[PDB]
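First up is the structure itself, then whatever we jot down about it.
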Amino acid sequence: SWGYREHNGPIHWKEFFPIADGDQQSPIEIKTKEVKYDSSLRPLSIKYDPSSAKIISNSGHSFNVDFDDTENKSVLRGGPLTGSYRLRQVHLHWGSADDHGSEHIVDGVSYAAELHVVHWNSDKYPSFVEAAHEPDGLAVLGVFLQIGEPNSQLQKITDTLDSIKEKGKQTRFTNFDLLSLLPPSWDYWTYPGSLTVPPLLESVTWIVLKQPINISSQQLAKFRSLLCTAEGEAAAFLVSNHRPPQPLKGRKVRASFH
Ligand SMILES: CCCSc1c(F)c(F)c(S(N)(=O)=O)c(F)c1F
């Protein structure tokens with residue numbers, strides 16, 4: 001099955017998910033001189049209820065914090081979006097060194113990690129599953145992490161990691177103030193793209209925040225101790241789980257700021 005090791009990692013994904021070589025794949029190199037300022041873009045309109053988070057789990061490919069998406073308590077609107085996108089999922093990508101962990105890369109700068117916040121269009125689709133298959137279905141907010149001061153909200157997550165070391169393990173996790181985790185500036189770039197993991201669907205409006213948030217090197221390194229293997233199977237660690245940048249193929253990357 002797909003992963004990030006030699007035999008199953010990103011260069012091999014196309015073997016099983018041919019859309020891996022499609023025309024709207026993510027992540028991308030963000031080249032600031034090539035981005036177009038677009039005054040029609042709106043500020044982000046962000047509403048995240050800390051009681052929405054319910055469960056943290058090891059998928060084998062990241063941790064996922066799962067939110068109750070029963071109704072519209074936590075929604076992202078504005079930015080480049082038409083309509084309201086409901087909070088589903090948060091997860092993180094990193095690498096084996098603090099030097100190079102993010103998925104989007106900004107004029108050659110890879111950050112230590114990248115947080116993705118996944119939302120779905122409940123104004124047009126009845127469920128996350130239906131939305132994940134359509135071009136306007138998903139919106140993912142990307143937030144870079146750089147090494148700096150320990151992050152008190154991320155410490156809540158690192159504290160759970162011992163309990164979800166094995167693939168498939170979950171534990172209850174709530175009261176996660178996602179809104180306060182975001183950087184002080186919400187200026188962003190946006191472009192049409194895809195999920196960065198299989199099935200790689202071209203369903204995502206990406207919103208990548210320019211300003212990183214910090215994490216300590218100690219906190220970040222606790223993520224690499226997750227296993228990508230389930231209880232009772234040869235142990236292998238999830239030391240790195242970022243996909244390389246993909247060709248832009250004529251897509252417009254827009255900035256909400258100049
Ligand atoms: C139909 C499957 C969707 S679950 C999922 C996702 F929706 C993402 F956007 C991402 S991401 N990295 O594109 O934001 C992700 F990693 C996921 F696991």
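In the structure tokens, chains take letters A, B, ... by order of appearance, with residues numbered from 1 within each chain and ligands from 1 in the order shown.
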Exercise. Skipping near chain neighbours, those fewer than 3 positions away, what residues fall within 7 Å of residue 175 of chain A using only C-alpha atoms, listed as a ChimeraX atom specification?
Worked result: /A:50-51,53
Problem set entry | Test item: residues at most 9 Å from segment 95-108 of chain A, only C-alpha atoms, excluding those fewer than 5 positions along its chain, as number ranges by chain | A: 26-33, 113-115, 142, 144-147, 196, 208, 210, 217, 220-221, 224, 238-245
For the residues selected in the previous step, produce a file with N, CA and C atoms as a PDB file, in the first residue's frame.
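Now in result14.pdb:
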ATOM      1  N   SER A  26      -1.129  18.920  -6.410  1.00  0.00           N
ATOM      2  CA  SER A  26      -0.502  19.720  -5.339  1.00  0.00           C
ATOM      3  C   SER A  26       0.475  18.847  -4.574  1.00  0.00           C
ATOM      4  N   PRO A  27       1.433  19.422  -3.857  1.00  0.00           N
ATOM      5  CA  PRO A  27       1.674  20.843  -3.670  1.00  0.00           C
ATOM      6  C   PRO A  27       2.466  21.414  -4.860  1.00  0.00           C
ATOM      7  N   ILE A  28       2.817  22.684  -4.717  1.00  0.00           N
ATOM      8  CA  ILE A  28       3.528  23.439  -5.793  1.00  0.00           C
ATOM      9  C   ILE A  28       4.642  24.301  -5.179  1.00  0.00           C
ATOM     10  N   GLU A  29       5.551  24.781  -6.046  1.00  0.00           N
ATOM     11  CA  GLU A  29       6.484  25.833  -5.751  1.00  0.00           C
ATOM     12  C   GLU A  29       5.663  27.101  -5.899  1.00  0.00           C
ATOM     13  N   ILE A  30       5.671  27.923  -4.858  1.00  0.00           N
ATOM     14  CA  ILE A  30       5.147  29.242  -4.890  1.00  0.00           C
ATOM     15  C   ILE A  30       6.268  30.261  -5.170  1.00  0.00           C
ATOM     16  N   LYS A  31       6.228  30.843  -6.353  1.00  0.00           N
ATOM     17  CA  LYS A  31       7.274  31.797  -6.828  1.00  0.00           C
ATOM     18  C   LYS A  31       6.595  33.179  -6.739  1.00  0.00           C
ATOM     19  N   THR A  32       6.986  33.914  -5.706  1.00  0.00           N
ATOM     20  CA  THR A  32       6.281  35.169  -5.307  1.00  0.00           C
ATOM     21  C   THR A  32       6.243  36.183  -6.449  1.00  0.00           C
ATOM     22  N   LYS A  33       7.271  36.202  -7.302  1.00  0.00           N
ATOM     23  CA  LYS A  33       7.340  37.160  -8.410  1.00  0.00           C
ATOM     24  C   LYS A  33       6.351  36.804  -9.510  1.00  0.00           C
ATOM     25  N   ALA A 113       7.546  22.192   8.775  1.00  0.00           N
ATOM     26  CA  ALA A 113       6.389  21.325   8.616  1.00  0.00           C
ATOM     27  C   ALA A 113       5.278  22.126   8.012  1.00  0.00           C
ATOM     28  N   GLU A 114       4.173  21.457   7.674  1.00  0.00           N
ATOM     29  CA  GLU A 114       3.012  22.171   7.135  1.00  0.00           C
ATOM     30  C   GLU A 114       1.732  21.547   7.659  1.00  0.00           C
ATOM     31  N   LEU A 115       0.914  22.390   8.223  1.00  0.00           N
ATOM     32  CA  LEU A 115      -0.426  21.935   8.788  1.00  0.00           C
ATOM     33  C   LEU A 115      -1.473  22.126   7.704  1.00  0.00           C
ATOM     34  N   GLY A 142      -3.508  25.867   4.313  1.00  0.00           N
ATOM     35  CA  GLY A 142      -2.092  25.398   4.594  1.00  0.00           C
ATOM     36  C   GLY A 142      -1.377  26.419   5.490  1.00  0.00           C
ATOM     37  N   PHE A 144       2.340  27.036   7.362  1.00  0.00           N
ATOM     38  CA  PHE A 144       3.711  26.594   7.581  1.00  0.00           C
ATOM     39  C   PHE A 144       4.041  26.599   9.053  1.00  0.00           C
ATOM     40  N   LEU A 145       4.919  25.666   9.456  1.00  0.00           N
ATOM     41  CA  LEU A 145       5.573  25.681  10.779  1.00  0.00           C
ATOM     42  C   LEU A 145       7.083  25.849  10.595  1.00  0.00           C
ATOM     43  N   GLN A 146       7.623  26.784  11.358  1.00  0.00           N
ATOM     44  CA  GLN A 146       9.091  26.961  11.449  1.00  0.00           C
ATOM     45  C   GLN A 146       9.501  26.662  12.927  1.00  0.00           C
ATOM     46  N   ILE A 147      10.788  26.358  13.112  1.00  0.00           N
ATOM     47  CA  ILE A 147      11.279  26.037  14.412  1.00  0.00           C
ATOM     48  C   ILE A 147      11.383  27.360  15.168  1.00  0.00           C
ATOM     49  N   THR A 196      -2.939  16.093  -1.441  1.00  0.00           N
ATOM     50  CA  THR A 196      -1.532  15.696  -1.537  1.00  0.00           C
ATOM     51  C   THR A 196      -1.251  14.271  -1.172  1.00  0.00           C
ATOM     52  N   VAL A 208      -2.955  29.039   1.068  1.00  0.00           N
ATOM     53  CA  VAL A 208      -1.688  28.815   1.796  1.00  0.00           C
ATOM     54  C   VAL A 208      -1.345  30.152   2.436  1.00  0.00           C
ATOM     55  N   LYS A 210       0.863  32.946   4.126  1.00  0.00           N
ATOM     56  CA  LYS A 210       2.246  33.363   4.004  1.00  0.00           C
ATOM     57  C   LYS A 210       3.011  33.240   5.308  1.00  0.00           C
ATOM     58  N   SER A 217      11.898  22.326  18.113  1.00  0.00           N
ATOM     59  CA  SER A 217      12.408  21.139  17.448  1.00  0.00           C
ATOM     60  C   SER A 217      12.017  19.896  18.212  1.00  0.00           C
ATOM     61  N   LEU A 220       8.406  18.970  17.303  1.00  0.00           N
ATOM     62  CA  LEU A 220       8.288  18.468  15.936  1.00  0.00           C
ATOM     63  C   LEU A 220       8.825  17.005  15.910  1.00  0.00           C
ATOM     64  N   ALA A 221       9.940  16.783  16.631  1.00  0.00           N
ATOM     65  CA  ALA A 221      10.547  15.449  16.457  1.00  0.00           C
ATOM     66  C   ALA A 221       9.639  14.369  17.027  1.00  0.00           C
ATOM     67  N   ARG A 224       7.797  12.181  14.420  1.00  0.00           N
ATOM     68  CA  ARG A 224       8.550  11.165  13.625  1.00  0.00           C
ATOM     69  C   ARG A 224       8.552   9.841  14.283  1.00  0.00           C
ATOM     70  N   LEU A 238       7.296   6.828  10.796  1.00  0.00           N
ATOM     71  CA  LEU A 238       6.878   7.888   9.803  1.00  0.00           C
ATOM     72  C   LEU A 238       7.783   9.110   9.950  1.00  0.00           C
ATOM     73  N   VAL A 239       9.052   8.951   9.522  1.00  0.00           N
ATOM     74  CA  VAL A 239      10.046  10.030   9.677  1.00  0.00           C
ATOM     75  C   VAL A 239       9.785  11.210   8.739  1.00  0.00           C
ATOM     76  N   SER A 240       9.087  10.970   7.623  1.00  0.00           N
ATOM     77  CA  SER A 240       8.857  12.014   6.633  1.00  0.00           C
ATOM     78  C   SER A 240       7.594  11.671   5.880  1.00  0.00           C
ATOM     79  N   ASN A 241       6.738  12.702   5.654  1.00  0.00           N
ATOM     80  CA  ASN A 241       5.464  12.387   4.973  1.00  0.00           C
ATOM     81  C   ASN A 241       5.007  13.579   4.178  1.00  0.00           C
ATOM     82  N   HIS A 242       5.913  14.157   3.424  1.00  0.00           N
ATOM     83  CA  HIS A 242       5.569  15.281   2.520  1.00  0.00           C
ATOM     84  C   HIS A 242       5.741  14.874   1.081  1.00  0.00           C
ATOM     85  N   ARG A 243       4.815  15.316   0.236  1.00  0.00           N
ATOM     86  CA  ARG A 243       4.919  15.011  -1.215  1.00  0.00           C
ATOM     87  C   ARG A 243       5.712  16.130  -1.910  1.00  0.00           C
ATOM     88  N   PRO A 244       6.541  15.757  -2.906  1.00  0.00           N
ATOM     89  CA  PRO A 244       7.274  16.817  -3.637  1.00  0.00           C
ATOM     90  C   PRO A 244       6.387  17.750  -4.393  1.00  0.00           C
ATOM     91  N   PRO A 245       6.861  18.980  -4.705  1.00  0.00           N
ATOM     92  CA  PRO A 245       6.103  19.878  -5.569  1.00  0.00           C
ATOM     93  C   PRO A 245       5.848  19.267  -6.972  1.00  0.00           C
TER      94      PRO A 245
END
Problem set entry | Env. residues ligand 1 / 6 Å / only C-alpha atoms and all ligand atoms / as a PyMOL selection string | chain A and resi 116+118+132+140+195-197
Based on the selection just made, write N, CA and C atoms of those residues as a PDB file, in the first residue's frame.
ATOM      1  N   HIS A 116      -2.312  21.127   7.496  1.00  0.00           N
ATOM      2  CA  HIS A 116      -3.426  21.264   6.576  1.00  0.00           C
ATOM      3  C   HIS A 116      -4.706  21.174   7.330  1.00  0.00           C
ATOM      4  N   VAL A 118      -8.685  20.846   6.531  1.00  0.00           N
ATOM      5  CA  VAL A 118      -9.503  20.374   5.390  1.00  0.00           C
ATOM      6  C   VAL A 118     -10.952  20.677   5.636  1.00  0.00           C
ATOM      7  N   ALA A 132     -15.630  15.536  -2.000  1.00  0.00           N
ATOM      8  CA  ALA A 132     -14.178  15.250  -2.231  1.00  0.00           C
ATOM      9  C   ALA A 132     -13.867  14.934  -3.708  1.00  0.00           C
ATOM     10  N   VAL A 140      -8.602  23.626   1.474  1.00  0.00           N
ATOM     11  CA  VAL A 140      -7.585  23.276   2.487  1.00  0.00           C
ATOM     12  C   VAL A 140      -6.782  24.527   2.765  1.00  0.00           C
ATOM     13  N   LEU A 195      -5.788  16.963  -3.463  1.00  0.00           N
ATOM     14  CA  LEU A 195      -5.246  16.346  -2.265  1.00  0.00           C
ATOM     15  C   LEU A 195      -3.738  16.002  -2.500  1.00  0.00           C
ATOM     16  N   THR A 196      -2.939  16.093  -1.441  1.00  0.00           N
ATOM     17  CA  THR A 196      -1.532  15.696  -1.537  1.00  0.00           C
ATOM     18  C   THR A 196      -1.251  14.271  -1.172  1.00  0.00           C
ATOM     19  N   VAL A 197      -2.302  13.467  -0.916  1.00  0.00           N
ATOM     20  CA  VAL A 197      -2.095  12.046  -0.632  1.00  0.00           C
ATOM     21  C   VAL A 197      -3.065  11.347  -1.579  1.00  0.00           C
TER      22      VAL A 197
END
Exercise. Between A:74, A:58, A:110, A:153, which has the minimum distance to residue 223 of chain A (counting only C-alpha atoms)?
Worked result: A:58
For this session: Tell me which protein, DNA and RNA residues are within 10 Å of residue 84 of chain A, counting only C-alpha atoms, leaving out same-chain ones fewer than 2 positions away, and put them as a ChimeraX atom specification.
Result: /A:45,72,74-78,81-82,86-87,119-124,139
For this session: Tell me which of A:41, A:21, A:186, A:130 sits closest to residue 247 of chain A, counting only C-alpha atoms.
Result: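 Ranking A:41, A:21, A:186, A:130 by distance to residue 247 of chain A, first place goes to A:21.
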For this session: Name the residues of segment 19-204 of chain A that fall into strand (DSSP E) according to DSSP on the backbone, using the chain letters and numbers of this document, as a ChimeraX atom specification.
Result: /A:29-30,36-37,44-47,53-58,63-67,75-78,85-94,105-106,113-121,138-147,170-172,188-193,204
Dump as a short mmCIF file (atom, residue, chain, number, x, y, z; two decimals), in the first residue's frame, selection limited to C-alpha atoms:
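The resulting file, result20.cif, is shown below:
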data_model
loop_
_atom_site.label_atom_id
_atom_site.label_comp_id
_atom_site.auth_asym_id
_atom_site.auth_seq_id
_atom_site.Cartn_x
_atom_site.Cartn_y
_atom_site.Cartn_z
CA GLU A 29 6.48 25.83 -5.75
CA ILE A 30 5.15 29.24 -4.89
CA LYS A 36 -0.85 37.65 -9.35
CA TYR A 37 -2.35 40.07 -6.84
CA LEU A 44 -10.59 34.84 5.22
CA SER A 45 -13.73 34.52 7.30
CA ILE A 46 -12.91 31.98 9.98
CA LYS A 47 -15.12 30.36 12.62
CA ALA A 53 -12.44 18.56 17.69
CA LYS A 54 -13.25 15.10 18.99
CA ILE A 55 -10.64 12.46 18.22
CA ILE A 56 -6.95 12.28 17.29
CA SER A 57 -5.74 9.16 15.35
CA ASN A 58 -2.73 7.81 13.61
CA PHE A 63 -2.04 12.17 12.72
CA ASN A 64 -5.58 13.37 11.95
CA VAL A 65 -7.60 15.45 14.36
CA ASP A 66 -11.22 14.74 13.44
CA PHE A 67 -13.93 17.36 13.94
CA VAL A 75 -16.75 26.93 8.82
CA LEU A 76 -14.38 28.75 6.52
CA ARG A 77 -15.78 31.39 4.18
CA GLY A 78 -14.36 34.30 2.24
CA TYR A 85 -16.82 25.15 3.82
CA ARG A 86 -17.24 22.99 6.84
CA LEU A 87 -14.27 21.88 9.00
CA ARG A 88 -13.47 18.19 8.70
CA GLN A 89 -9.89 17.33 9.52
CA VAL A 90 -6.47 18.70 10.57
CA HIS A 91 -3.24 16.96 9.93
CA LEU A 92 0.52 17.68 9.55
CA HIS A 93 3.33 17.00 7.09
CA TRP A 94 6.99 17.00 8.00
CA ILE A 105 7.84 25.61 -1.01
CA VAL A 106 8.13 29.42 -1.24
CA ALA A 113 6.39 21.33 8.62
CA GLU A 114 3.01 22.17 7.13
CA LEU A 115 -0.43 21.94 8.79
CA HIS A 116 -3.43 21.26 6.58
CA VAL A 117 -6.95 22.17 7.60
CA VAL A 118 -9.50 20.37 5.39
CA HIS A 119 -12.97 21.67 4.73
CA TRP A 120 -15.89 20.71 2.48
CA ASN A 121 -18.60 22.62 0.61
CA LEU A 138 -12.81 20.93 -0.79
CA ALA A 139 -10.87 23.87 0.66
CA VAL A 140 -7.58 23.28 2.49
CA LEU A 141 -5.89 25.97 4.52
CA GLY A 142 -2.09 25.40 4.59
CA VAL A 143 -0.09 26.83 7.50
CA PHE A 144 3.71 26.59 7.58
CA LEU A 145 5.57 25.68 10.78
CA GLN A 146 9.09 26.96 11.45
CA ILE A 147 11.28 26.04 14.41
CA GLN A 170 -7.07 6.84 18.33
CA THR A 171 -7.77 8.78 21.45
CA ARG A 172 -10.29 11.43 22.46
CA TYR A 188 -2.55 34.02 1.62
CA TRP A 189 -1.88 32.56 -1.82
CA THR A 190 -4.48 30.45 -3.61
CA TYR A 191 -4.68 28.15 -6.53
CA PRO A 192 -6.68 25.18 -7.72
CA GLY A 193 -5.21 21.83 -6.87
CA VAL A 204 -9.11 21.35 -3.64
#
Exercise. Atom CA of residue 125 of chain A and atom CA of residue 137 of chain A are how many Å apart?
Worked result: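 Taking atom CA of residue 125 of chain A as the start and atom CA of residue 137 of chain A as the end point, the length is 7.4 Å.
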Problem set entry | Of the listed residues A:248, A:209, A:154, A:253, that which approaches residue 176 of chain A most closely, counting only C-alpha atoms |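 Going through A:248, A:209, A:154, A:253 one by one, the smallest distance to residue 176 of chain A is for A:154.
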Problem set entry | DSSP helix (DSSP H, G or I) residues within segment 66-171 of chain A, listed as a ChimeraX atom specification | /A:128-131,152-158,161-164
Proximity of segment 19-107 of chain A to segment 1-10 of chain A: per-residue shortest pair, 9 Å limit, only C-alpha atoms, as a tab-separated table:
residue	atom	partner	partner_atom	distance
A:20	CA	A:10	CA	8.8
A:60	CA	A:3	CA	8.2
A:61	CA	A:3	CA	6.8
Exercise. Do you have the atom CA of residue 179 of chain A-atom CA of residue 49 of chain A distance handy?
Worked result: 8.0 Å
For this session: Check the smallest atom-to-atom distance from each of A:35, A:200, A:213, A:178 to residue 157 of chain A using only C-alpha atoms, then report the winner.
Result: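 Comparing A:35, A:200, A:213, A:178 against residue 157 of chain A, the winner is A:178.
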For this session: Compare A:205, A:199, A:212, A:250 by their minimum atom-to-atom distance to residue 181 of chain A, counting only C-alpha atoms, and give me the closest one.
Result: A:212
For this session: Measure the distance from atom CA of residue 174 of chain A to atom CA of residue 201 of chain A in Å and round it to one decimal.
Result: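 Interatomic distance, atom CA of residue 174 of chain A to atom CA of residue 201 of chain A: 29.0 Å.
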